[PDB]
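Enquirer: This is the structure, below, for whatever I ask next.
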Amino acid sequence: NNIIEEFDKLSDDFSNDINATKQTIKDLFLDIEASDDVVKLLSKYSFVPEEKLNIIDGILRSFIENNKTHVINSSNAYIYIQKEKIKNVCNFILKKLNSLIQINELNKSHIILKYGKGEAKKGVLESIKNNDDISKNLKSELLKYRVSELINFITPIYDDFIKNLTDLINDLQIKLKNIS
């Protein structure tokens, strides 16, 4: 009976984590928007990743609700094991998302360096200078650092980001089906 409450907890926790991720990515975009014409463009760009995360959040919540039915008349084994499986899927999604966040953190820094000029926000140069996680090659190429050009630069990066979010949604729908 409280089992339904526990599944509800799965949904709610997942929603919280997803909203946190959403805020992180929004912070990426906001940090990039420093720096009136390109700003509106980036703010437009920032709406699609939020939509993708709202999909992931909603797909999981929809799955759990429709799976409550199977939980009431099944063995305790199925309940505990299934709960475990759902937790695993959620953790998978969150791990992939966090990896994606790291990737686009480096992408953000790259964008700020190549175009934007804080230069207080372009104190990314010190973070790049101290970054021991990137190759010295990339470091070298980066420390050397109008609109149609910016579009030309961020279009592959942004399209790849949304593509990764789109395939992640596909992975989620596949993994949920395997336990559906």
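Here, A, B, ... name the chains of the structure tokens in the order displayed, residue numbers run from 1 inside each chain, and ligands are numbered from 1 in the same displayed order.
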Fewer than 6 positions away in the same chain doesn't count, so skip those; otherwise give me all residues within 9 Å of residue 35 in chain A, counting only C-alpha atoms, as a PyMOL selection string.
Expert: chain A and resi 112+116-118+121
Enquirer: Contacts of residue 131 in chain A at 12 Å or less, counting only C-alpha atoms, minus same-chain residues fewer than 3 places along, as a PyMOL selection string?
Expert: chain A and resi 106+109+124-128+134-136+138-140+142-143
Enquirer: Keeping only N, CA, C and O atoms, write those residues as a PDB file, in the first residue's frame.
Expert:
```pdb
ATOM      1  N   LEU A 106      32.905  22.560 -21.157  1.00  0.00           N
ATOM      2  CA  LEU A 106      34.069  22.847 -21.991  1.00  0.00           C
ATOM      3  C   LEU A 106      33.652  23.583 -23.273  1.00  0.00           C
ATOM      4  O   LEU A 106      34.347  24.504 -23.723  1.00  0.00           O
ATOM      5  N   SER A 109      33.018  27.269 -22.302  1.00  0.00           N
ATOM      6  CA  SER A 109      34.294  27.963 -22.159  1.00  0.00           C
ATOM      7  C   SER A 109      34.882  28.292 -23.529  1.00  0.00           C
ATOM      8  O   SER A 109      35.368  29.404 -23.762  1.00  0.00           O
ATOM      9  N   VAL A 124      37.934  33.005 -17.871  1.00  0.00           N
ATOM     10  CA  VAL A 124      37.848  31.584 -18.148  1.00  0.00           C
ATOM     11  C   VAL A 124      39.254  31.154 -18.548  1.00  0.00           C
ATOM     12  O   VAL A 124      39.635  29.988 -18.415  1.00  0.00           O
ATOM     13  N   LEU A 125      40.032  32.134 -18.999  1.00  0.00           N
ATOM     14  CA  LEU A 125      41.432  31.936 -19.338  1.00  0.00           C
ATOM     15  C   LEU A 125      42.248  31.376 -18.174  1.00  0.00           C
ATOM     16  O   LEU A 125      43.175  30.598 -18.386  1.00  0.00           O
ATOM     17  N   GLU A 126      41.900  31.762 -16.949  1.00  0.00           N
ATOM     18  CA  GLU A 126      42.607  31.258 -15.775  1.00  0.00           C
ATOM     19  C   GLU A 126      42.156  29.835 -15.453  1.00  0.00           C
ATOM     20  O   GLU A 126      42.951  29.003 -15.003  1.00  0.00           O
ATOM     21  N   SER A 127      40.890  29.551 -15.736  1.00  0.00           N
ATOM     22  CA  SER A 127      40.322  28.244 -15.458  1.00  0.00           C
ATOM     23  C   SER A 127      40.851  27.263 -16.485  1.00  0.00           C
ATOM     24  O   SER A 127      41.072  26.089 -16.187  1.00  0.00           O
ATOM     25  N   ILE A 128      41.061  27.754 -17.700  1.00  0.00           N
ATOM     26  CA  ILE A 128      41.630  26.936 -18.756  1.00  0.00           C
ATOM     27  C   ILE A 128      43.113  26.723 -18.456  1.00  0.00           C
ATOM     28  O   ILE A 128      43.635  25.623 -18.631  1.00  0.00           O
ATOM     29  N   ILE A 134      42.202  18.828 -19.530  1.00  0.00           N
ATOM     30  CA  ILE A 134      42.268  18.876 -20.989  1.00  0.00           C
ATOM     31  C   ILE A 134      43.701  18.675 -21.454  1.00  0.00           C
ATOM     32  O   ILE A 134      44.647  18.918 -20.701  1.00  0.00           O
ATOM     33  N   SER A 135      43.859  18.237 -22.699  1.00  0.00           N
ATOM     34  CA  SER A 135      45.182  18.038 -23.271  1.00  0.00           C
ATOM     35  C   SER A 135      45.900  19.380 -23.380  1.00  0.00           C
ATOM     36  O   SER A 135      45.265  20.435 -23.377  1.00  0.00           O
ATOM     37  N   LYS A 136      47.223  19.339 -23.461  1.00  0.00           N
ATOM     38  CA  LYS A 136      47.996  20.563 -23.593  1.00  0.00           C
ATOM     39  C   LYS A 136      47.807  21.113 -25.004  1.00  0.00           C
ATOM     40  O   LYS A 136      48.019  22.299 -25.255  1.00  0.00           O
ATOM     41  N   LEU A 138      44.795  21.176 -26.774  1.00  0.00           N
ATOM     42  CA  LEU A 138      43.604  22.017 -26.717  1.00  0.00           C
ATOM     43  C   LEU A 138      43.899  23.304 -25.957  1.00  0.00           C
ATOM     44  O   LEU A 138      43.471  24.377 -26.361  1.00  0.00           O
ATOM     45  N   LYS A 139      44.627  23.177 -24.852  1.00  0.00           N
ATOM     46  CA  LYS A 139      45.020  24.311 -24.020  1.00  0.00           C
ATOM     47  C   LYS A 139      45.773  25.342 -24.845  1.00  0.00           C
ATOM     48  O   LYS A 139      45.498  26.548 -24.787  1.00  0.00           O
ATOM     49  N   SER A 140      46.709  24.834 -25.639  1.00  0.00           N
ATOM     50  CA  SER A 140      47.521  25.647 -26.524  1.00  0.00           C
ATOM     51  C   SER A 140      46.663  26.368 -27.549  1.00  0.00           C
ATOM     52  O   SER A 140      46.770  27.583 -27.718  1.00  0.00           O
ATOM     53  N   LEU A 142      43.594  27.069 -27.364  1.00  0.00           N
ATOM     54  CA  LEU A 142      42.605  27.945 -26.749  1.00  0.00           C
ATOM     55  C   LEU A 142      43.207  29.227 -26.190  1.00  0.00           C
ATOM     56  O   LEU A 142      42.578  30.284 -26.258  1.00  0.00           O
ATOM     57  N   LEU A 143      44.422  29.151 -25.650  1.00  0.00           N
ATOM     58  CA  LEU A 143      45.005  30.323 -24.997  1.00  0.00           C
ATOM     59  C   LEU A 143      45.440  31.383 -26.004  1.00  0.00           C
ATOM     60  O   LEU A 143      45.853  32.480 -25.624  1.00  0.00           O
TER      61      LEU A 143
END
```
Enquirer: If you measure from CA of residue 21 in chain A to CA of residue 147 in chain A, what distance in Å do you get, rounded to one decimal?
Expert: 29.0 Å
Enquirer: Taking 2 positions as the minimum chain separation for residues in the same chain, which residues sit within 10 Å of range 83-91 of chain A when counting only C-alpha atoms? Answer as JSON, numbers by chain.
Expert: {"A": [3, 6, 7, 10, 11, 13, 14, 17, 18, 56, 57, 60, 63, 64, 71, 77, 78, 79, 80, 81, 93, 94, 95, 96, 97, 171, 172, 175, 176, 178, 179]}
Enquirer: Which residues, written as an mmCIF file with C-alpha atoms, in the first residue's frame, have at least one atom at most 10 Å from residue 55 in chain A, with only C-alpha atoms counted and residues fewer than 5 positions away on the same chain left out?
Expert:
```
data_model
loop_
_atom_site.group_PDB
_atom_site.id
_atom_site.type_symbol
_atom_site.label_atom_id
_atom_site.label_comp_id
_atom_site.auth_asym_id
_atom_site.auth_seq_id
_atom_site.Cartn_x
_atom_site.Cartn_y
_atom_site.Cartn_z
ATOM 1 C CA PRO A 49 17.206 21.542 -23.948
ATOM 2 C CA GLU A 50 14.626 22.344 -21.245
ATOM 3 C CA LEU A 60 9.501 8.345 -16.486
ATOM 4 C CA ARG A 61 6.611 9.687 -14.417
ATOM 5 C CA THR A 166 17.303 13.206 -28.380
ATOM 6 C CA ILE A 169 15.287 10.035 -24.738
#
```
Enquirer: Write out as a PyMOL selection string all residues of chain A that DSSP puts in alpha helix (DSSP H) for this structure's backbone.
Expert: chain A and resi 3-32+37-45+47-72+76-114+125-130+136-142+147-177
Enquirer: Extract, using only C-alpha atoms, all DNA, RNA and protein residues at most 12 Å from residue 160 in chain A, discarding same-chain residues fewer than 4 positions from it, and format them as a ChimeraX atom specification.
Expert: /A:49,100,103-104,107,154-156,164-167
Enquirer: Output the selection as a tab-separated table (two decimals), in the first residue's frame - N, CA, C and O atoms for each residue.
Expert:
```tsv
chain	number	residue	atom	x	y	z
A	49	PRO	N	16.72	22.53	-24.92
A	49	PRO	CA	17.21	21.54	-23.95
A	49	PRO	C	16.27	21.37	-22.76
A	49	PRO	O	16.17	20.26	-22.24
A	100	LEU	N	27.17	14.87	-20.22
A	100	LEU	CA	26.78	15.85	-21.22
A	100	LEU	C	27.02	17.28	-20.73
A	100	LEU	O	27.48	18.15	-21.48
A	103	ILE	N	30.81	18.02	-20.89
A	103	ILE	CA	31.12	18.28	-22.29
A	103	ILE	C	30.75	19.72	-22.68
A	103	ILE	O	31.56	20.45	-23.27
A	104	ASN	N	29.53	20.14	-22.35
A	104	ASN	CA	29.07	21.47	-22.74
A	104	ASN	C	29.59	22.58	-21.82
A	104	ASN	O	29.38	23.76	-22.10
A	107	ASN	N	32.52	23.19	-23.85
A	107	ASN	CA	31.96	23.89	-25.01
A	107	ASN	C	31.63	25.36	-24.73
A	107	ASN	O	31.89	26.24	-25.55
A	154	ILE	N	28.59	27.91	-33.41
A	154	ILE	CA	27.83	27.24	-32.37
A	154	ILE	C	26.78	26.29	-32.95
A	154	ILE	O	26.22	25.47	-32.21
A	155	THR	N	26.51	26.38	-34.25
A	155	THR	CA	25.52	25.49	-34.85
A	155	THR	C	25.92	24.00	-34.75
A	155	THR	O	25.10	23.17	-34.36
A	156	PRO	N	27.18	23.65	-35.09
A	156	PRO	CA	27.49	22.22	-34.92
A	156	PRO	C	27.48	21.78	-33.46
A	156	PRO	O	27.02	20.68	-33.16
A	164	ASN	N	22.30	14.57	-28.82
A	164	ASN	CA	22.61	13.70	-27.69
A	164	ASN	C	21.44	13.58	-26.72
A	164	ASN	O	21.21	12.51	-26.15
A	165	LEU	N	20.71	14.67	-26.54
A	165	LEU	CA	19.53	14.67	-25.68
A	165	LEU	C	18.41	13.87	-26.31
A	165	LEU	O	17.62	13.22	-25.62
A	166	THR	N	18.34	13.91	-27.64
A	166	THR	CA	17.30	13.21	-28.38
A	166	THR	C	17.51	11.69	-28.35
A	166	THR	O	16.55	10.93	-28.20
A	167	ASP	N	18.76	11.27	-28.48
A	167	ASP	CA	19.10	9.85	-28.44
A	167	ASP	C	19.01	9.30	-27.02
A	167	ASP	O	18.77	8.11	-26.82
```
Enquirer: Just want the 12 Å neighbourhood of residue 149 in chain A, counted on only C-alpha atoms, with same-chain residues fewer than 6 positions away dropped. Output as a VMD selection string.
Expert: chain A and resid 38 111 114 to 115 155
Enquirer: Can I get the selected residues back with N, CA and C atoms, as a PDB file, in the first residue's frame?
Expert:
```pdb
ATOM      1  N   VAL A  38      22.932  38.860 -30.061  1.00  0.00           N
ATOM      2  CA  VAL A  38      23.287  37.450 -29.942  1.00  0.00           C
ATOM      3  C   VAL A  38      22.642  36.838 -28.692  1.00  0.00           C
ATOM      4  N   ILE A 111      33.281  28.705 -26.339  1.00  0.00           N
ATOM      5  CA  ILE A 111      32.487  29.762 -26.962  1.00  0.00           C
ATOM      6  C   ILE A 111      32.841  31.139 -26.395  1.00  0.00           C
ATOM      7  N   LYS A 114      36.374  32.103 -27.782  1.00  0.00           N
ATOM      8  CA  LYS A 114      36.481  32.388 -29.214  1.00  0.00           C
ATOM      9  C   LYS A 114      35.795  33.693 -29.625  1.00  0.00           C
ATOM     10  N   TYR A 115      34.708  34.056 -28.947  1.00  0.00           N
ATOM     11  CA  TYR A 115      33.965  35.260 -29.321  1.00  0.00           C
ATOM     12  C   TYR A 115      33.847  36.261 -28.182  1.00  0.00           C
ATOM     13  N   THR A 155      26.508  26.380 -34.245  1.00  0.00           N
ATOM     14  CA  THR A 155      25.517  25.487 -34.847  1.00  0.00           C
ATOM     15  C   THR A 155      25.920  24.000 -34.752  1.00  0.00           C
TER      16      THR A 155
END
```
Enquirer: Find, counting only C-alpha atoms, the residue in A:153, A:137, A:75, A:130 that gets nearest to residue 110 in chain A.
Expert: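 Looking at the shortest contact to residue 110 in chain A, the residue is A:153.
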Enquirer: CA of residue 42 in chain A to CA of residue 129 in chain A: how many Å, to one decimal?
Expert: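 CA of residue 129 in chain A lies at a distance of 26.3 Å from CA of residue 42 in chain A.
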Enquirer: If you count only C-alpha atoms, which residues fall within 9 Å of residue 25 in chain A, apart from same-chain ones fewer than 2 positions away, as an mmCIF file with N, CA, C and O atoms, in the first residue's frame?
Expert:
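around-v2.cif, freshly written:
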```
data_model
loop_
_atom_site.group_PDB
_atom_site.id
_atom_site.type_symbol
_atom_site.label_atom_id
_atom_site.label_comp_id
_atom_site.auth_asym_id
_atom_site.auth_seq_id
_atom_site.Cartn_x
_atom_site.Cartn_y
_atom_site.Cartn_z
ATOM 1 N N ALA A 20 17.117 20.072 -11.302
ATOM 2 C CA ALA A 20 18.465 20.515 -10.964
ATOM 3 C C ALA A 20 19.354 20.574 -12.211
ATOM 4 O O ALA A 20 20.061 21.566 -12.442
ATOM 5 N N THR A 21 19.315 19.510 -13.007
ATOM 6 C CA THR A 21 20.035 19.472 -14.280
ATOM 7 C C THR A 21 19.623 20.633 -15.189
ATOM 8 O O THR A 21 20.469 21.297 -15.807
ATOM 9 N N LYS A 22 18.314 20.875 -15.250
ATOM 10 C CA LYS A 22 17.755 21.956 -16.050
ATOM 11 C C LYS A 22 18.355 23.283 -15.621
ATOM 12 O O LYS A 22 18.770 24.084 -16.461
ATOM 13 N N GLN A 23 18.409 23.509 -14.312
ATOM 14 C CA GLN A 23 18.984 24.740 -13.788
ATOM 15 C C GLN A 23 20.467 24.852 -14.132
ATOM 16 O O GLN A 23 20.947 25.934 -14.464
ATOM 17 N N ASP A 27 22.116 27.707 -16.407
ATOM 18 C CA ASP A 27 23.293 28.444 -15.948
ATOM 19 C C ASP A 27 24.384 28.476 -17.011
ATOM 20 O O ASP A 27 25.085 29.477 -17.148
ATOM 21 N N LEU A 28 24.531 27.384 -17.759
ATOM 22 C CA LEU A 28 25.469 27.376 -18.878
ATOM 23 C C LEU A 28 25.112 28.500 -19.840
ATOM 24 O O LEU A 28 25.938 29.375 -20.140
ATOM 25 N N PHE A 29 23.864 28.485 -20.302
ATOM 26 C CA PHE A 29 23.413 29.495 -21.254
ATOM 27 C C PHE A 29 23.501 30.930 -20.716
ATOM 28 O O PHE A 29 23.893 31.837 -21.442
ATOM 29 N N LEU A 30 23.163 31.130 -19.445
ATOM 30 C CA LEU A 30 23.226 32.454 -18.831
ATOM 31 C C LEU A 30 24.663 32.951 -18.748
ATOM 32 O O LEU A 30 24.940 34.124 -19.003
ATOM 33 N N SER A 46 18.216 28.203 -25.688
ATOM 34 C CA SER A 46 18.158 27.572 -24.374
ATOM 35 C C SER A 46 16.823 26.896 -24.061
ATOM 36 O O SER A 46 16.704 26.191 -23.060
ATOM 37 N N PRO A 49 16.725 22.532 -24.918
ATOM 38 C CA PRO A 49 17.206 21.542 -23.948
ATOM 39 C C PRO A 49 16.268 21.368 -22.758
ATOM 40 O O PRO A 49 16.169 20.258 -22.238
ATOM 41 N N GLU A 50 15.580 22.433 -22.350
ATOM 42 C CA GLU A 50 14.626 22.344 -21.245
ATOM 43 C C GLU A 50 13.456 21.462 -21.637
ATOM 44 O O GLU A 50 12.949 20.692 -20.825
ATOM 45 N N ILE A 101 26.720 17.511 -19.450
ATOM 46 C CA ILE A 101 26.940 18.806 -18.821
ATOM 47 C C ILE A 101 28.423 19.148 -18.829
ATOM 48 O O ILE A 101 28.791 20.268 -19.171
ATOM 49 N N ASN A 104 29.525 20.135 -22.350
ATOM 50 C CA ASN A 104 29.069 21.468 -22.738
ATOM 51 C C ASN A 104 29.586 22.579 -21.818
ATOM 52 O O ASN A 104 29.383 23.759 -22.096
ATOM 53 N N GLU A 105 30.234 22.204 -20.719
ATOM 54 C CA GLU A 105 30.943 23.180 -19.900
ATOM 55 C C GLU A 105 32.201 23.570 -20.652
ATOM 56 O O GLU A 105 32.519 24.761 -20.801
#
```
